[PDB]
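Numbers for residues simply follow the sequence, beginning at 1. Counting convention: from 1, in listed order, for ligands and their atoms alike. For the numbers below, each heavy atom of this structure counts, side chains included, while hydrogens, waters and symmetry mates do not.
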Amino acid sequence: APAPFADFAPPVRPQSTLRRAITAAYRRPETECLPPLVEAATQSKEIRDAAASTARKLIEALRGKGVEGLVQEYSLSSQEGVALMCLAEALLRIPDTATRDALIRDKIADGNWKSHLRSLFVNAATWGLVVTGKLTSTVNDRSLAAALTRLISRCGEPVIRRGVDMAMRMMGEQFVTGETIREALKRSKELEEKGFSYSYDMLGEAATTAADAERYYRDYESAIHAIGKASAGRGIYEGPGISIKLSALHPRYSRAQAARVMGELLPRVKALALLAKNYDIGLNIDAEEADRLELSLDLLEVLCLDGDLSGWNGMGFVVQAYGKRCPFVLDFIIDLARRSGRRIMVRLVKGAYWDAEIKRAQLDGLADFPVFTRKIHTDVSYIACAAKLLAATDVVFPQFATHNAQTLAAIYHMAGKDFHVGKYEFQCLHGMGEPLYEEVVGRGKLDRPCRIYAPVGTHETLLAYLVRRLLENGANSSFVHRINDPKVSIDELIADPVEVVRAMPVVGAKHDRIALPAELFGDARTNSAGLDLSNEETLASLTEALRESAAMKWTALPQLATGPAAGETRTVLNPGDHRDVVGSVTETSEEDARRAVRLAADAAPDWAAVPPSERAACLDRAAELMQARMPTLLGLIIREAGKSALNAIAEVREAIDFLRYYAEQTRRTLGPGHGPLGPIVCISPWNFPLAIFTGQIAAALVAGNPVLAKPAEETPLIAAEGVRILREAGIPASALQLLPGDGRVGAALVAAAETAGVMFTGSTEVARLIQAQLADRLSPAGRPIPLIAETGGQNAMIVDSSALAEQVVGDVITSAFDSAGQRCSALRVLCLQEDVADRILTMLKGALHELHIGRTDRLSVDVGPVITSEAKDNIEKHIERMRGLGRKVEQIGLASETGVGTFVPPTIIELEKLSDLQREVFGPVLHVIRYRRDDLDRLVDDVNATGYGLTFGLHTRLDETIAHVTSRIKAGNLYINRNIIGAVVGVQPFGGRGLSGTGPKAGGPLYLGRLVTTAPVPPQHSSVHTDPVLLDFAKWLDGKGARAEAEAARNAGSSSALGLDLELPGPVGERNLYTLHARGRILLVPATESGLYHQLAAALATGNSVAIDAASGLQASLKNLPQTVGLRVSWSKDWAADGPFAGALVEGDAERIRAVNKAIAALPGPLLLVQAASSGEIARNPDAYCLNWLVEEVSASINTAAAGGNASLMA
Ligand SMILES: Cc1cc2nc3c(=O)[nH]c(=O)nc-3n(C[C@H](O)[C@H](O)[C@H](O)COP(=O)(O)OP(=O)(O)OC[C@H]3O[C@@H](n4cnc5c(N)ncnc54)[C@H](O)[C@@H]3O)c2cc1C
Ligand SMILES: NC(=O)c1ccc[n+]([C@@H]2O[C@H](COP(=O)([O-])OP(=O)(O)OC[C@H]3O[C@@H](n4cnc5c(N)ncnc54)[C@H](O)[C@@H]3O)[C@@H](O)[C@H]2O)c1
Ligand SMILES: O=C(O)[C@@H]1CCCO1
Ligand SMILES: [Mg+2]
């Protein structure tokens, strides 16, 4: 077996001094970046005065001179303008104008456009940007439909015709320079005669499949031939050139795939560069996301050092001045030019991905942003980098891309009075910069050339680039926007950002309204930190720490309060390669499991006496220890549990977040009256072997309970290391005991007499057995043993014809095949609307064939093994049964190296009905169903009908579909236009309903209260809403003289948090929502009339209906019930036939409570959260039944950056 991590992530080449200087600046503090930029950007008072004059002149000329005119002419509202353009766009898809015109004149103009015409409004977000300048992530299609009907009924055929002509002209003339390269070359002559030049971009980026990359390659190749022939030997300065995006040329363009990039992408760029050289035209590599900057430099370096490209100065490269590495990148490029004997064209830009970079750094928990956070900082950076470029015009050709008249004038005077063509040039984007550069090019203006970046193509490739332009055009900080804002004066426009920054009290201070990733949660807690796997320093130090982790002799032992116990001992083997021994585990005898519980019971008063803030301090220290040890922990998780590096980072971050979140929740809530339960048994799954392991233990400890920690049999080593860390942090040995072993060890703990509570995460099947065993037991107070049982999923994603296919496929690949599908949250059923299913499935299969499956100690591995042979056989048996029914089953091929481990390839199975699935299949197996749009409501029924309710995804841009689907789906974690595996602690509190969970959600504010005998009031836990049926019940109680019960009912109505509706703090570009709903139908088992009244008040106040045990004999107690209340009330003789229920309320003595609890455990379907109280307790304690457990939590995470940008960050 190869040495673990020996080939984890070797760099493309050894990092030079100049390359290292780039990497060191990647996330440098903004206060450190700016002072040297300010100094480099400084110009004399003479130049500053001169530049202000020129800038003012330019702005005066621009201010001294489309859809807006169409809106004015027909008095359209904004929504009417958007709807009109959507209609026009659709009408233009009719290829025969005669057919189109007849349809307009005879069907659309008089009556419902709907009857004669996939939503009309799939592209409304884009038209919304065109019409209003604002971007919304999703569209209100009911408002747009209303507006379209209104404008047609008002204005008839003439406005439709104007809309069609206006759409035609915009999509063919304004959005692009031409739809084909030949047409774009024709239209260039007018401005070329005037001294402009051109750089053409065949629109295209982010190849998803091999076929995508090949098509984009062929477009670039055809364009170079056409541009080269048009250039006709004009050369790289006066003749036209081409721009390319590297992400267009390979479906896996990333640092993680560097070997494939250098072996497969580089030769394609070399071939194109060879053509560009042969025609002597410029070829420019566009700059993209920040995590691709340094990788693109390796391609630039190999190209520039290639002798087949010598004698040609047309190699070009963009550097983004909004990036912190920009000046150091320029130092590298200038030196590369000297080393390679060429002149390199350098396009200086600000940058096009700002919103996405802010969101990405926050999601990833990194030290800082790789871009500036104040716009003026970007301006200063640009000026300072222009100074560097102009000092080296002998070896680079500076190309100053900007629409900012102040920026332009600063550089124009910086460059001095000596100019010749070829010294430097300006650049602008087609349809944006011509008015400004009409004031620049020519002997009668500034006499400086400008190259126009010219997008070429049709709507099929237009979207992404067009949105970026429109966002740039409408952003309130953008020059092209401010120049049209009459509220913005010219003196403000010509303000020198270098002097404004120089005069600030803290030079380079971060933007006040953008949180660093560590600060996402403010004063409440510190966010866990990740690791940047695109940073070469990080990859080199990680490589060494990971190799060192593989040399450690990891062990896991039964760690009882008295010390480690002996037992059956065996090796722990890497699931991806059984030759790789990871460590040794000694497993717990059933007798020692029972002994551990007695020891926990003896130690329980000592741990409960540790005050809550000091218990929380233990958790916070443990989080610091894990953060510091993250590199080592990653290596163990990678080798023990089949995880990739990214998977393992998420695992450790999640454990850190649980620790700090439950610590903070404890400091917010727990006091002396919130007594611990006693010894708590924590039983955890293999698939999140540190995160959920740590989360359950940490919550139980901080609530004051000693813990018996029973990790899954497959993954004991990381659990032992987690226990070592918690003990190191101050948890006493007697308060936290580790009991490795199989399910028999779990069962022995669950059954032990002093066990006071059980926290279980695992399969629904095992949870049912645990609930059965617990129903035989009672606390010494005569009440049920609390059980949190978070179980399996059958998770669906619904995709309609308005979704963006590329985005769907990325989120599907992640949701279904991340960790080989071994997430409880994993996508199991992809539901595709029929008319887009084939296209999406073709793209999905193409993306599947680009995944690398193998042993996970290489950065290039995407998908790891399944945990055991047993798991592998269980998965393959399902795939066989599906094959046996004639279902189409497709799999990707596995390399022969996977033979020493247990791997299952990503598998796609086409179903006929959702009922084909009978059970959670915990592996890389995605099932697909197609649906007709009119069947959407019934499809949601079919998803709900499995009985599960964990995660659920919806991809749509239509608000009506979002509203419909999210009001009808029954799942605990919802995700809109993103993947469905998010579980960020305190942001997406995670946990489901039905067969998926009892609740309360891990990582949410109700969790700790289940682990004490008297639950606290969580932060922000209240509601001003009062259930109206509860109100009617209280009135009926008053009407029959039951004054004390009516009072209790009104008190329950107020205390209920039903209707809570909160936005949780999280990253930008996302809205994370947390709401409290009714649970459903509650089984009521009363003993007395007043007991029944109290149970009814509790259930009604929380929005529930009820089934009352008919054997109670209390039927006469509810005569003359108001219809509103009776509508919520049924009587049950056979509880099993009237389910499923969502909880239960029991009244009786200890004997009755146990008898009822056993019968409830016997019920089919979901595990029920049961609450019990004696008659005297109901009379004495108004909180005898806790309303926390009668509501259901729902988390919803909405990607609001999905349409292309961030609307709040546009401000
Ligand atoms: C011909 C041409 C080619 C280009 N090629 C590329 C390319 O290959 N890759 C690429 O990424 N960009 C590229 N750009 C730049 C990008 O597309 C925008 O056009 C450019 O950033 C706008 O800058 P400005 O001087 O026109 O306008 P301005 O209004 O002066 O500057 C706007 C810019 O400031 C930045 N910014 C906005 N808010 C903040 C903030 N809060 N904190 C820090 N910075 C902020 C953003 O970069 C924004 O685009 C190109 C631009 C042109 C004209
Ligand atoms: N709802 C959630 O948040 C969530 C999170 C992660 C995983 N899961 C679920 O966990 C499962 C995967 O983990 P797993 O394969 O390790 O599950 P599992 O049910 O096989 O095993 C879970 C744990 O229970 C123990 N166990 C087994 N039999 C027992 C018994 N009779 N009595 C007491 N304990 C017993 C196991 O040893 C292990 O520690 C999947 O079903 C997955 O969906 C749910
Ligand atoms: O694609 C973009 O938005 C930038 C601008 C032109 C090239 O890269
Ligand atoms: Mg198991």
query = With only distance considered, is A401 within less than 3.5 Å of ligand 1 through an N or O on each side?
reply = no
task = Say whether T378, considering both its backbone and side-chain N or O atoms, lies within less than 3.5 Å of an N or O atom on ligand 1.
result = yes
ask   = Out of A767, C824, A748, whose heavy atom sits nearest atom 8 (N) of ligand 2?
value = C824
Heteroatom proximity flag, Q320 to ligand 1, N/O under 3.5 Å = yes
inquiry  = Heavy atoms only, cut-off 4.0 Å: how does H481 contact ligand 1, side chain, backbone, both, or neither?
reply    = neither
task = Select one of side chain, backbone, both or neither to describe which atoms of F479 lie under 4.0 Å from any atom of ligand 1, heavy atoms only.
result = both
request  = Taking the six-membered ring of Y322 (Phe, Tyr or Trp), confirm whether the NZ or CZ of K350 is under 6.0 Å from its centre and within 45° of its axis.
outcome  = no
inquiry  = Measuring from non-hydrogen atoms of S684 to any atom of ligand 2, is the shortest distance under 4.0 Å?
reply    = yes
ask   = Counting only heavy atoms on the protein side, is anything nearer than 4.0 Å to atom 13 (O) of ligand 2?
value = yes
note = protein heavy-atom neighbour closest to atom 44 (C) of ligand 2 works out as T791 O, 3.2 Å
note = Residues passing the salt bridge (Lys or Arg N to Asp or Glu O under 4.0 Å) test with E425, sequence neighbours excluded, are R451
query = Where the closest heavy atom to atom 34 (N) of ligand 2 is concerned, which of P685, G746, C682 has it?
reply = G746
request  = May I ask which of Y948, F990, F922 has a heavy atom nearer to atom 3 (O) of ligand 2 than the others do?
outcome  = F990
inquiry  = What I want to know is whether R347 and ligand 1 share at least one N or O pair that is separated by under 3.5 angstrom.
reply    = yes
key: Test item, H511 contacting ligand 1 (heavy atom, 4.0 angstrom)   = no
message = At less than 4.0 angstrom from any non-hydrogen atom of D286, what atoms of ligand 1 do you find?
response = 8 (O)
ask   = Should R823 and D818 count as an ion pair when the cut-off is N to O under 4.0 Å?
value = yes
key: Salt bridge flag under 4.0 Å for residues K359 and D355   = no
inquiry  = Run the salt bridge (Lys or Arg N to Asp or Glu O under 4.0 Å) test against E1192 and tell me which residues pass, sequence neighbours left out.
reply    = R993
Taking atom 27 (C) of ligand 2 as the reference point, the nearest protein heavy atom with its distance = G743 CA, 3.5 Å
request  = May I ask you to identify the nearest protein heavy atom to atom 31 (N) of ligand 2, giving residue, atom name and distance to one decimal place in Å?
outcome  = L769 CD1, 4.0 Å
Side-chain atoms of residues 682-694: list all donor-acceptor pairs with protein atoms under 3.5 Å, sequence neighbours left out, distances to 0.1 Å.
| residue | atom | partner | partner atom | Å |
| --- | --- | --- | --- | --- |
| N687 | ND2 | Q822 | O | 3.1 |
| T694 | OG1 | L690 | O | 2.7 |

Ring centres under 6.0 angstrom apart (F196, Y198) = no
query = Is any N or O atom of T407, backbone or side chain, closer than 3.5 Å to an N or O atom of ligand 1?
reply = no
task = Could you tell me if any non-hydrogen atom of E288 lies under 4.0 Å from any atom of ligand 1?
result = no
task = Mind checking whether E30 contacts ligand 1 via backbone (N, CA, C, O), side chain (CB onward), both or neither, at a 4.0 Å heavy-atom cut-off?
result = neither
note = Of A1002, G762, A719, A751, the one whose closest heavy atom lies nearest atom 22 (C) of ligand 2 is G762
query = Hey, which residues fall under 4.0 Å of ligand 3 on heavy atoms?
reply = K245, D286, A352, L429, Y453, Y465, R468, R469
query = Less than 3.5 Å between some nitrogen or oxygen of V318 and one of ligand 1, yes or no?
reply = no
query = Would you call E357 and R360 a salt bridge, taking side-chain N to carboxylate O under 4.0 Å as the test?
reply = no
key: Min N/O separation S478 to ligand 1 under 3.5 Å   = no
request  = Report the part of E920 (side chain from C-beta onward, or backbone N, CA, C, O) that has a heavy atom under 4.0 Å from ligand 2; answer both or neither where that applies.
outcome  = side chain
task = Mind telling me whether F372 and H377 have parallel, tilted or perpendicular rings, with 30° and 60° as the class edges?
result = perpendicular
Proximity to ligand 1 by part of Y353, non-hydrogen separation under 4.0 Å = side chain
inquiry  = For the 3.5 Å polar cut-off, considering only N or O atoms, please tell me whether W354 and ligand 1 meet it.
reply    = yes
